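J.: Sharing a structure, written as structure tokens. Questions coming.
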Amino acid sequence: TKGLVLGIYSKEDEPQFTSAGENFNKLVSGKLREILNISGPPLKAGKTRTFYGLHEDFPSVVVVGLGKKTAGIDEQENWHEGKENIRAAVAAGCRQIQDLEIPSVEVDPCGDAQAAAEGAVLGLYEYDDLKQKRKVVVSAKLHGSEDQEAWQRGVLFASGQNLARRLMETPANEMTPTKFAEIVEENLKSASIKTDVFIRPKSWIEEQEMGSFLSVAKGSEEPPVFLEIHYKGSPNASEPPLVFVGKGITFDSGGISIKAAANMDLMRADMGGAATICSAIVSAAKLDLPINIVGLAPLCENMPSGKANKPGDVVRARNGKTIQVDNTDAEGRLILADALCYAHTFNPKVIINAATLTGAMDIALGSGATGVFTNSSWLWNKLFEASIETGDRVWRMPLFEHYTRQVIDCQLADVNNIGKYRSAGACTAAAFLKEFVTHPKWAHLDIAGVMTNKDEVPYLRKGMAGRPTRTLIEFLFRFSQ
Amino acid sequence: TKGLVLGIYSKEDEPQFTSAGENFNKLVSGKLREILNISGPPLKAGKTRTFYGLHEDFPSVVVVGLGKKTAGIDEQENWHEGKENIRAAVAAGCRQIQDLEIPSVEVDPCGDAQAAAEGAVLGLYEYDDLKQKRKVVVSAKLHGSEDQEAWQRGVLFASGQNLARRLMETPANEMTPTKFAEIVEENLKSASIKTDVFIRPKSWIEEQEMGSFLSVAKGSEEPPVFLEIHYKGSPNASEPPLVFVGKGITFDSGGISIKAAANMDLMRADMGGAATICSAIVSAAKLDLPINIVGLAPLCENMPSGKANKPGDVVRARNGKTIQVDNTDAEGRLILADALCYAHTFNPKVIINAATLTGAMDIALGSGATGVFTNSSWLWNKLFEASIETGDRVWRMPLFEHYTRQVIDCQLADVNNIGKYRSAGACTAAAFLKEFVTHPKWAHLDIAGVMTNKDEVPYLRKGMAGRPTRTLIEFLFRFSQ
Amino acid sequence: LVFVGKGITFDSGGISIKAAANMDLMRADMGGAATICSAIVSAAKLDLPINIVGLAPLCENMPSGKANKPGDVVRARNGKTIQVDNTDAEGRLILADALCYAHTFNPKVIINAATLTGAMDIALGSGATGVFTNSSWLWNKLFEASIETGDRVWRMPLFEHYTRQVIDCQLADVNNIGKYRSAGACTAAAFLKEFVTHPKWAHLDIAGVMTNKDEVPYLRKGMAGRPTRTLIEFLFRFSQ
Ligand SMILES: [Zn+2]
Ligand SMILES: [Zn+2]
Ligand SMILES: [Zn+2]
Ligand SMILES: [Zn+2]
Ligand SMILES: [Zn+2]
Ligand SMILES: [Zn+2]
């Protein structure tokens with residue numbers, strides 16, 4: 001059987017159906033509006049109502065509130081409101097169809113086939129892999145034939161996100177460093193033949209003088225990996241690549257500066273930064289975006305042991321700078337210090353890194369937006385514009401020499417791994433990373449607060465969220481224009 | 001005797017003196033450069049060197065590094081760098097003159113008499129009032145006669161700040177609610193005859209239905225006050241006023257949600273918001289700025305007792321909204337809810353409030369900038385521009401409906417006093433306040449992280465800092481143009 | 001004369017793991033070895049006419065799958081069993097064997113130094129290092145030595161009162177931490193008394209004089225090296 005998701009707008013006499021809803025109402029000789037009318041209150045945005053037996057092929061029709069037809073970019077909220085309405089409403093419709101165990105659903109494009117595809121595929125996603133109680137996986141399809149490219153591009157963007165949620169969600173004993181490197185490799189090679197994957201072993205990592213990455217890694221028995229992803233999509237094979245770097249800690253216990261036990265299981269998602277940048281690169285190659293992109297993810301685990309990093313140790317990063325490890329839980333900093341050095345080798349046009357770096361970001365913006373520190377207002381503008389379309393917001397945070405001073409604490413080393421005071425922890429972790437970039441166009445995104453979803457963005461179940469993957473794909477999309 | 005502070009720029013053969021330094025070098029027949037040269041390394045920004053006996057009237061000459069003569073607005077740091085250099089350098093020079101107990105100092109204007117006045121008067125400030133060991137108070141004067149208005153306007157701006165540091169620093173048993181109201185009254189009436197002060201007692205406050213302010217206040221024995229300050233500086237006496245509101249908690253213990261003991265003494269500065277907006281209004285009236293300004297500061301103490309607010313209580317704000325007090329330490333929120341209602345009575349052109357609201361602001365930006373939440377980009381732009389001149393930065397933080405949802409937790413009341421989750425505490429405290437403003441141009445400044453100085457801004461001793469008072473005076477200055 | 005020094009090169013706490021805050025300073029838990037070895041290098045540069053042996057057990061204290069467990073009973077070189085109730089009271093354990101071995105040398109005097117206890121820091125907090133000694137003659141020579149150097153010593157009690165607190169049988173002859181939290185410096189020293197039979201032993205607890213901030217003006221802020229000159233000066237005068 002099929003289910004049909006149909007949208008309507010908020011209230012004229014009648015609140016308007018979409019063209020597809022209106023066309024369905026004519027095909028059932030006015031029944032759909034009749035029952036909608038005797039059924040109760042007008043549906044508002046994100047609200048659904050389900051009707052049965054109106055048509056032989058659609059035993060379940062779910063009508064969904066899209067909000068005001070007029071909705072556009074909201075200057076205060078910094079997103080396109082209308083598309084947010086369409087993702088929210090279609091996900092709520094689709095999820096009613098899966099609770100009735102119906103295996104396929106025709107979705108009305110609602111005026112924007114791309115965001116309706118994104119609502120349906122985000123909305124229906126689940127991670128029930130290691131459970132014996134799995135949900136019915138239903139397959140969403142565009143209702144109609146008129147903008148199947150826009151539907152399929154949304155399908156594409158919502159899967160990139162879903163790959164990243166899956167990557168993040170999987171338990172750390174399953175998603176080890178080589179296992180993640182293998183999933184990404186497999187996915188990237190299915191995306192395009194214009195790809196190259198290098199799963200670099202410890203041997204290579206130590207030939208590259210990556211001392212601060214290697215010192216995080218040694219306290220675990222799990223072999224680290226340096227994952228080098230290439231998408232050569234430019235016609236000019238010598239066109240300078242954009243490089244994405246991502247913190248891939250596959251589990252963070254804290255090391256010897258050990259984490260509290262409460263809710264420590266969420267640190268399986270400390271490789272969110274690698275999940276995010278690698279999924280956006282798989283999507284860019286599926287999209288055959290005409291640009292060269294390198295992806296760099298140092299993968300390792302941070303564990304207490306008799307060979308772990310000790311508070312006070314001084315390690316040497318690939319640029320020769322010494323780093324005093326004052327707290328072993330400020331490990332991503334260390335990892336990214338070498339990876340951001342290596343990023344420069346590629347002669348990049350742009351360097352963007354992503355990391356679940358700091359609980360300070362969560363106290364600061366708590367999932368309303370991911371924080372970005374950038375030395376370039378041009379980069380800031382392109383990322384900000386990219387998030388107005390996706391609804392997955394970005395908010396700029398300061399790169400002031402003020403926070404740098406706080407981490408240039410000599411004592412034994414050139415730089416300290418944690419700021420001198422507790423204040424502005426996101427700001428001093430970003431200033432730490434500035435010490436390893438000499439590039440005029442670098443952006444640091446702190447993903448820690450947008451790592452999980454509970455109820456905040458309606459089209460995502462409660463779980464690891466995969467954010468800001470579509471802001472990154474959209475940024476690449478527009479850049480390759 | 002007099003001391004003379006003279007500046008020089010960083011390195012040509014010779015690093016250049018200012019006109020005044022160069023003129024002094026000619027008056028001592030080349031001695032000053034001679035000794036500067038045999039004395040050691042070239043002074044860099046903020047560095048000083050002191051020379052004795054070059055001239056009969058100036059037994060101590062302190063030469064001060066101004067940095068690069070070319071310094072202007074820094075696009076990355078968002079301030080005028082050169083003026084920051086001049087405040088820093090002159091304060092370091094002036095403080096050498098006070099450590100030698102010299103009672104007067106001629107200060108070179110360094111190309112910007114206003115910032116050199118600001119360095120000297122900020123630099124030399126102290127709060128030693130209740131000590132028997134007091135510092136020599138030296139008197140800084142412009143070296144020369146050429147821009148005595150620019151010198152005196154800086155004197156004016158730096159005193160407004162110093163009034164606010166003094167207000168903040170004083171122990172809470174001395175700076176009670178009527179005592180603060182009396183200091184401000186006295187200062188405002190010395191500033192202009194175009195002023196009106198209303199120290200409103202409890203009787204008035206309860207006739208105005210200010211239930212959420214009154215419920216914070218009742219747990220202390222100290223009578224609360226509502227301070228209404230008017231500066232009628234406009235030619236049009238019916239010109240709509242700008243209104244400034246400020247949290248005046250004179251000591252915050254936490255109430256029944258009691259604070260930890262460690263460093264609780266700093267909550268004598270929880271009236272920083274009232275200190276800041278009242279000092280800027282005293283400065284605006286000294287400056288005879290042609291605008292109408294009302295200042296509103298609810299003053300009270302937050303103490304545990306047998307009549308204190310209890311976690312879970314529901315109080316009624318002046319607009320009739322009920323507020324569930326889930327945590328009694330989120331009291332400023334409550335106080336400001338009534339004051340921001342009353343602000344609307346004045347038919348204001350602009351509503352700006354300031355509050356040491358949240359330690360979450362300190363985790364977020366930690367004294368690199370004060371955070372501002374505003375529903376208007378026009379207000380944001382004027383405040384941001386104002387802080388480029390003063391060096392006392394502002395950084396915009398988001399007013400998203402996302403944080404509103406978190407505080408619209410019904411349960412017993414229309415709004416909860418703390419957000420549902422711990423995340424984004426600054427953002428949900430600001431969204432709480434949005435619930436009490438209907439004005440299209442409101443700005444909320446969270447002053448909590450810029451409350452203290454340790455070493456971060458060089459021209460301020462370690463202590464309560466009085467920030468962002470000059471950003472506010474400067475904003476008023478430009479608005480009255 | 002034999003000098004013994006705790007050389008823990010990093011102390012994490014083991015399984016009784018330290019809090020994260022400021023744990024980097026435990027790189028200085030070998031301060032006791034640093035102190036006694038530097039004084040012996042100085043005594044030989046000074047060609048002091050005496051025989052000096054220096055003994056420093058050096059190791060690291062880390063959590064792992066083979067680390068000491070709270071409750072374990074280990075056997076010291078004199079055959080006494082020691083119940084390790086808390087793995088962060090490790091220097092105690094280390095010094096127990098080293099102080100046994102010290103006796104082999106037939107020494108005139110046995111002095112050990114250790115950053116043993118944060119309880120010393122609560123007690124005297126860098127105004128002086130604490131010394132527990134069964135001899136007033138040793139106390140007098142060390143005290144006089146610190147009048148010259150300015151790097152003070154303050155005597156702390158070796159009462160059988162604190163011994164009783166650590167003679168808690170339960171599984172072992174001696175427990176590694178005192179029964180109550182009180183007098184932690186005093187019960188850690190009484191623990192060590194259980195391994196000395198020599199009539200002239202001094203225990204110096206160096207924990208509170210480990211760092212300098214502003215307290216003694218001629219030292220920058222950092223690890224301070226105290227009480228090294230009190231020890232050199234004591235040797236100097238002894239060799240007279
Ligand atoms: Zn960590
Ligand atoms: Zn981490
Ligand atoms: Zn409070
Ligand atoms: Zn407060
Ligand atoms: Zn220990
Ligand atoms: Zn130890």
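Our numbering is plain: 1 for the first residue shown, then up by one each step along the chain.
Header says: X-ray crystallography, 2.7 Å.
Just so it is clear, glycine is given a Cβ too, placed from its N, Cα and C backbone atoms.
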J.: Taking B:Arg49, B:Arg87, B:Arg268 as the options, which does Swiss-Prot list with B:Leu167, B:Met168, B:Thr170 at the Zn(2+) 3 site?
T.: B:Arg268
J.: With B:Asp329, B:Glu331 listed by Swiss-Prot as binding Mg(2+), identify the candidate in B:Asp252, B:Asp409, B:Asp414 belonging to that site.
T.: B:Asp252
J.: Please identify which of B:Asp265, B:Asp270, B:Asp338 is recorded by Swiss-Prot as part of the substrate site containing B:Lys247, B:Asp252, B:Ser257, B:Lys259, B:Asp329.
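T.: Same substrate site in Swiss-Prot: B:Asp270.
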J.: By CA distance, which of the binding-site residues (B:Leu167, B:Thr170, B:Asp252, B:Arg268, B:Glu331) lies nearest to B:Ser19 (phosphoserine)?
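T.: Among B:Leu167, B:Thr170, B:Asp252, B:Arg268, B:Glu331, B:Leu167.
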J.: Looking only at Cβ atoms, how many others are within 10 Å of the one on B:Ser10 (phosphoserine)?
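T.: Other Cβ atoms found within 10 Å: 18.
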J.: Within the same chain, and leaving aside B:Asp252, B:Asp329, B:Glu331, name every residue whose CB is within 8 angstroms of the centroid of the CB atoms belonging to the recorded Zn(2+) 1 site, in sequence order.
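T.: Apart from B:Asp252, B:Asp329, B:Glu331, the close residues are B:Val216, B:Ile249, B:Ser253, B:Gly254, B:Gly255, B:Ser257, B:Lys259, B:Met267, B:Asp270, B:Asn302, B:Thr328, B:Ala330, B:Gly332.
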J.: So if I take the recorded positions (B:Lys68, B:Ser145, B:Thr170) and measure from each Cβ to the nearest atom of ligand 3, which come out below 6 Å?
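T.: The recorded positions passing the 6 Å Cβ test: none.
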J.: Could you round the CA separation between B:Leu167 (Zn(2+) 3 binding site) and B:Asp270 (Zn(2+) 2 binding site) to a whole angstrom and send it over?
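T.: Distance (Cα to Cα, whole Å): 11 Å.
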J.: Does B:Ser159 (phosphoserine) have same-chain partners at least 6 apart in sequence with Cβ under 8 Å from its own Cβ, and which are they?
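T.: Listed in sequence order: B:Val121, B:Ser283.
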J.: Cα distance, B:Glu331 (Zn(2+) 2 binding site) to B:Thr170 (Zn(2+) 3 binding site), nearest Å?
T.: 21
J.: A 10 Å Cβ contact count, applied to the binding-site residues B:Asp329, B:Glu331: which residue has the minimum?
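T.: It is B:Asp329 that, of the binding-site residues B:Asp329, B:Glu331, has the fewest other Cβ atoms within 10 Å.
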J.: Which recorded positions out of B:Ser19, B:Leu167, B:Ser203, B:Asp252, B:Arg268, B:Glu331 lie by ligand 1, going by a Cβ under 6 Å?
T.: none
J.: Restricting to the same chain and to sequence separations of six or more, state which residues have a Cβ under 8 Å from that of B:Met168 (Zn(2+) 3 binding site).
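T.: Listed in sequence order: B:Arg268, B:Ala269, B:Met271, B:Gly272, B:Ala275, B:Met451, B:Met464, B:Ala465, B:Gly466.
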J.: Just checking: which of B:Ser10, B:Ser145, B:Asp270, B:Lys441, B:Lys454 have a Cα that is within 10 Å of the Cα of B:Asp329 (Zn(2+) 1 binding site), counting only these recorded positions?
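T.: Among B:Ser10, B:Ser145, B:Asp270, B:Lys441, B:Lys454, not one has a Cα sitting within 10 Å of that of B:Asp329 (Zn(2+) 1 binding site).
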J.: According to DSSP, folded down to helix, strand and coil, what is B:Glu331 (Zn(2+) 2 binding site)?
T.: helix
J.: Name, in the order they occur in the sequence, the residues of the same chain whose CB lies under 8 A from the CB of B:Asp252 (Zn(2+) 2 binding site) and which sit 6 or more residues away.
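T.: Listed in sequence order: B:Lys259, B:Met267, B:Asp270, B:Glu301, B:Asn302, B:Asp329, B:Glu331.
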